[PDB]
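One structure below.
Nothing in this text is a laboratory measurement; each read-out follows from the coordinates by a stated rule. Here the Cβ is made from the backbone with ideal geometry for all residues, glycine too, and neighbour counts use every protein chain on show.
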Amino acid sequence: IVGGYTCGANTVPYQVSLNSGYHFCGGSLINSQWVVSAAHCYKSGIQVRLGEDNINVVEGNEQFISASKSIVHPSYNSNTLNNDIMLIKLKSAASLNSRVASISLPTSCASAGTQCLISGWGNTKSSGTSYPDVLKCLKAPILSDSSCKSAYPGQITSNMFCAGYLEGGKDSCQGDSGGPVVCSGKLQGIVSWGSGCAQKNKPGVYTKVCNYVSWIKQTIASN
Ligand SMILES: [Ca+2]
């Protein structure tokens, strides 16, 4: 997260870190045994880390649970990043509490102008590289489809939306991938892609979660 703020320990209780020896992606806990992340975060040997603030220090509220299976969306295209969504099942159910909690799926799609919270442990520089140990947060509005398409001609599908600031300086970034965009207590987006980070006229692009609710529910119900 570039141009954000320190969230505060366990203030984003649905935020998870995906770990394969090191943090490589974010995710969102949507019930006691399932996480939603980006399909481009797919790999084998995933451990889900819940209750994290400083990802380099054991602070006492963590739960570390290995993934038993991952399910990438059947229509994911890694070239265009269309359908950039995946489900991860935990080997055992997380113990839910005030600091480890699920986030509700949308019942309807959020509109342009809606304020959302974007969070993660990604790069905090738009030019350099600096990775924070503690969770970073950014409040950002969803942008109009027209402005999103104008920023990225030929690249925005019906399964994507832009959020952030056309002026630049405030954005998600490398390492935030797969993490949450939550608006009015609903998971509306997943950190997917963008050109650099926090660049003028290149806002963050996010997977449009409301398009996938039926798939998520049906997949969870049979797996
Ligand atoms: Ca920790």
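When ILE88, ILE1 are arranged by Cβ crowding within 10 Å, least crowded first, meaning fewest neighbours, the order is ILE88, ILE1.
From the Cα gyration tensor of the stretch 55-144, with a ≥ b ≥ c the square roots of its eigenvalues, which class applies: rounded if a/c is under 1.5, or else prolate if a/b is larger than b/c, or else oblate? Taking the square roots of the gyration eigenvalues as a ≥ b ≥ c, the stretch 55-144 is rounded. Each of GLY154, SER144, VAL205 was placed along the dipole of the chain (beta-carbon charges, centred on the mean Cα), and the one lying farthest toward the positive end is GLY154.
Backbone phi angles across the stretch 77-92, fed through the Karplus curve with coefficients 6.51, -1.76 and 1.60 (θ = phi - 60°), yield HN-Hα couplings of 10, 5, 6, 8, 6, 5, 6, 7, 8, 8, 9, 10, 9, 7, 4, 9 Hz in residue order; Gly and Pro are listed as x. The string of couplings for the stretch 126-142 from the Karplus curve (6.51, -1.76, 1.60, θ = phi - 60°) is 8, 10, x, 9, 8, 9, x, 8, 9, 6, 10, 10, 8, 8, 8, x, 5 Hz, one whole number per residue in order, with x for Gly and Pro. In the chain, taking the dipole from charged Cβ atoms about the Cα centre, the farthest positive-side position among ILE85, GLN218, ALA38 is held by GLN218. Among the listed pairs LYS43/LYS170; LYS89/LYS208; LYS125/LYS200, those with a Cα-Cα distance over 19 Å are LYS43/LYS170; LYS89/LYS208. Counting only Cβ charges, +1 for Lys and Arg and -1 for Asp and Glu, the dipole size of the chain around its Cα centre is about 320 debye. Given axes a ≥ b ≥ c from the Cα gyration tensor, I'd like to know whether the stretch 1-62 is rounded (a/c under 1.5), prolate (a/b larger than b/c) or oblate. Since a/c stays below 1.5, the shape of the stretch 1-62 is classed as rounded. What percent do you get for the relative contact order of the chain when only Cα pairs under 8 Å and 6+ apart count? Rounded, it is 24 percent for the chain.
Starting from the Cα gyration tensor of the chain, take the square roots of the eigenvalues, sort them a ≥ b ≥ c, and report rounded, prolate or oblate (rounded when a/c is under 1.5, otherwise prolate if a/b is larger than b/c, else oblate). Walk me through the numbers before you get to the answer.
Working: a/c = 1.61, a/b = 1.21, b/c = 1.33.
Oblate.
Computed over the stretch 126-223, relative contact order equals 26 percent, with contacts defined as Cα pairs under 8 Å that lie 6+ residues apart.
Take peptides 185-197, 10-22 and line them up by average Cβ neighbours within 10 Å, highest first, as a rough protection proxy. All intermediate terms of the calculation are to be shown ahead of the outcome.
On the way: 185-197: 22.2, 10-22: 19.5.
The most tightly packed comes first, giving 185-197, 10-22.
For the stretch 64-145, the residue among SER75, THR124, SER98 whose Cα projects farthest onto the positive side of the dipole built from Cβ charges is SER98. Taking amide H as placed 1.01 Å from N in the peptide plane, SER177 has its amide H under 5 Å from the amide H of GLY26, each at least 5 places away in sequence or on another chain.
Counting only C-alpha contacts under 8 Å and six or more residues apart, can you give the relative contact order of the stretch 1-128 as a whole percent?
Averaging sequence separation for qualifying contacts and normalising by length gives 31 percent for the stretch 1-128.
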